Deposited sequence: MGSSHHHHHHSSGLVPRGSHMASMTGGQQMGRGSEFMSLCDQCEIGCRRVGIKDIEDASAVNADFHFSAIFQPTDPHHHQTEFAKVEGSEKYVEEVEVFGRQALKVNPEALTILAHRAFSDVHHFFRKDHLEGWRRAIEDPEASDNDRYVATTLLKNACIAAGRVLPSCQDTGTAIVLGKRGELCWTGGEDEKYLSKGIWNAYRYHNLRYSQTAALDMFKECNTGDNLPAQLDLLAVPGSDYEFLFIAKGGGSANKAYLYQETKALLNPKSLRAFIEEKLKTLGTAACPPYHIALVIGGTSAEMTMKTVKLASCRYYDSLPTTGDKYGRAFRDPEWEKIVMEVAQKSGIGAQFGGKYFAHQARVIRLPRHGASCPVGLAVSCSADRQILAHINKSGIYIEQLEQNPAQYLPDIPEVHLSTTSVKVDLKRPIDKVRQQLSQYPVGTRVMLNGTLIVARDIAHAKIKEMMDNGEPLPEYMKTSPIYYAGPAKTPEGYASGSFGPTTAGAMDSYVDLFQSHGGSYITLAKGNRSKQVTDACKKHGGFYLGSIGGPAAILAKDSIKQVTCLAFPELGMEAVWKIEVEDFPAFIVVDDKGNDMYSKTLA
């Protein structure tokens, strides 16, 4: 009566539906042998370095077709809002810049994640983690990417690792003699929008599940640069298994799963509820960051088995920096997924913004902004003072010790961002905004001390920021989230380090910008352009 049933039964387990390119000459890294009557493959571990290096280079300059098609859909759909089309056009133009292979598509070049599946008879010498890490190290060291990993010297003392290591290296033991991979360059903002819910059987009916989906999708907000690939996993054998599944679902790794369950508890994709997720996302009005229909590119819904007493649920997104790449090593060499190298083909063949001069007293800038309602698009020209999470924490710590808010926090709008490395001969590397919500706890304090009256970042913010701006006559401006390469190429004209150089990308910078687009998200009157869609 025993019947083994693997939980995951893809019809395309080796991803034949994906197009791959062979690394030229790479068959020299492999050798077919036979031991004890079984076919095995000897792999020079240098192949893992070569592969990881190319993967974490390619993925920062090109996108998959299904991602690019989503931006085109947002441009061509009559039901898309004007802001939907504007945002998607900006992201497509950014992708065209990134395809130049100099600037990465986002300043957050992400955490390096490797899902590896090493066959029983695939023999590497066993030092896979080191050789993969050397390839990741190469990609981030010798290209214009960013070192984003923060080491803990103790519970609270931190430093940047300076090389974007350590990677997340999940190497699985599987049948056969090949080595198969999914590489992910996972941005922090979308990683933060991976949520775990501990639910019950009471959720598992159509009315409760739809209400749940409507409630939770809003908590994603715009803080991870939509349009999103939305992934929803219902059930699972443990919290960690649910969350791993929702990550992989968001990378479209489970697209070939069956679409029906069985009495053995196999996983399945649920197209009916994917359509419902898309309807909820579209009808939400949240839109592609600034109101409209294109909150989501597409949706993936996986139903999993569960312990009778349990119902873990996972919700996660892939952001505008949608970065994954499949690969495999076999008897013919190294193969790597082919991404779209001509994103410009997705762009169409075919008095809308307020010019804001920042080279004025900051009180003059506040006065001009006060004339306009939330949702007004502005174009910024002048100096921004750049500071995000660690710089804000350090400045608050100084003030807690009796020191004043530094003067450089009062002269210019505060841009929450951390730049990638500067290409030779460029004024700036990729330099888009970080998530605004992480700085929310500092706004009222800083404004009470005469600074941070105007902030510039991306994402909806908490009510304390709306209240602070109303109390102190402040504003929060929402940059487009994601278009870091076109901002650097076209808008950022000069970058200088002003304070805290030891923080790396998290130092305080003074930058000069031109034609920098943003929306007035929070005004000085209690208004918030997300108050209706994210209520």
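Note: segments 1 to 63, 414 to 419 of the deposited sequence have no C-alpha coordinates in the structure.
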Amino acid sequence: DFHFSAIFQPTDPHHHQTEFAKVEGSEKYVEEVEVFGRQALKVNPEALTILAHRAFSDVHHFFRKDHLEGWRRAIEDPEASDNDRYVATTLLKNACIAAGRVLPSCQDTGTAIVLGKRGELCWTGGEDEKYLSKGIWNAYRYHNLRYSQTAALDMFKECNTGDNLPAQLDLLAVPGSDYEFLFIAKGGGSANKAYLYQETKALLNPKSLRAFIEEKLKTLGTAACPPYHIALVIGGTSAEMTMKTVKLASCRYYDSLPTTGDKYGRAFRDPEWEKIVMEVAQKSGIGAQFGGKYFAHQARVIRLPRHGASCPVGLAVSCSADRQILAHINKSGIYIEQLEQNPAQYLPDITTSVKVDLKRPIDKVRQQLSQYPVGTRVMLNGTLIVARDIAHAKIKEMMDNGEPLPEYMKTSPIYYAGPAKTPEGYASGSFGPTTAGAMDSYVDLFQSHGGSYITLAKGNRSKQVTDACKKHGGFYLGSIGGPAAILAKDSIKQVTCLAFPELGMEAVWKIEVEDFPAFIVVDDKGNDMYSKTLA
From here on, numbers count along this sequence of modelled residues.
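Here the stretch with the larger average CA B-factor, out of 135 to 143 and 224 to 232, is 135 to 143.
When the C-alpha B-factors of 463 to 471 and 486 to 494 are averaged, 463 to 471 comes out higher. As recorded in the entry, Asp444 carries the highest CA temperature factor of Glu279, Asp322, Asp444, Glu337.
Take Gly261, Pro423, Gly126, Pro312 and read off each C-alpha B-factor from the entry; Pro423 has the highest.
The PDB entry assigns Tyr372 a C-alpha temperature factor belonging to the highest third of its chain's modelled residues.
When all modelled residues of the chain are sorted by CA temperature factor, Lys42 is found within the middle third. The PDB entry assigns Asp255 a C-alpha temperature factor belonging to the middle third of its chain's modelled residues. In the deposited entry, the Cα temperature factor of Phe56 places it in the middle third of its chain's modelled residues. When the CA B factors of the chain's modelled residues are split into thirds, the value for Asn160 lands in the lowest one.
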